[PDB]
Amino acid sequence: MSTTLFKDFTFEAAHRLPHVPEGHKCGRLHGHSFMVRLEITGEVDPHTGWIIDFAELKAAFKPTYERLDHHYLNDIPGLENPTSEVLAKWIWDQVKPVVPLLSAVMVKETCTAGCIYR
């Protein structure tokens, strides 16, 4: 049987949805306190007792983090439609290359509402 590990970051940005019908609240400029969850799966080095470091995880994420934190998302190439579904994937795509063990990504824009890409 298997072990997975998981780490939460939060960040602050503004976004808007380009393709919502004209009235929709969601297409007005607005913002959120997003939460992101990286999750990794793999083996547990018998010496460190770790799937992986974390210092190493943080710093691998960080440049991707910094691009979103306290920023407007539609200006980031890839996120012209900054939906949770689109964003969760956008992350997977940036970090999967530098974190091979990336198992799944989760994005919550509100307390009460989220998204999990694999």
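Sequential numbering from 1, following the sequence displayed.
Peer 1: Taking only the CA atoms, which stretch has the higher mean B-factor in the record, 44-52 or 76-84?
Peer 2: On average, C-alpha B-factors are higher across 44-52.
Peer 1: Is the mean CA B factor in the deposited entry higher across 53-61 or across 28-36?
Peer 2: It is 53-61 that shows the higher mean C-alpha B-factor.
Peer 1: With respect to C-alpha B-factor, does residue 20 fall in the lowest, middle or highest third of the chain as deposited?
Peer 2: Residue 20: CA B-factor falls in the highest third of its chain.
Peer 1: Looking at the entry's B-factor column for C-alpha atoms only, identify whether residue 94 ranks in the lowest, middle or highest third of its chain.
Peer 2: Within its chain, residue 94 is a middle-third residue by C-alpha B-factor, going by the deposited values.
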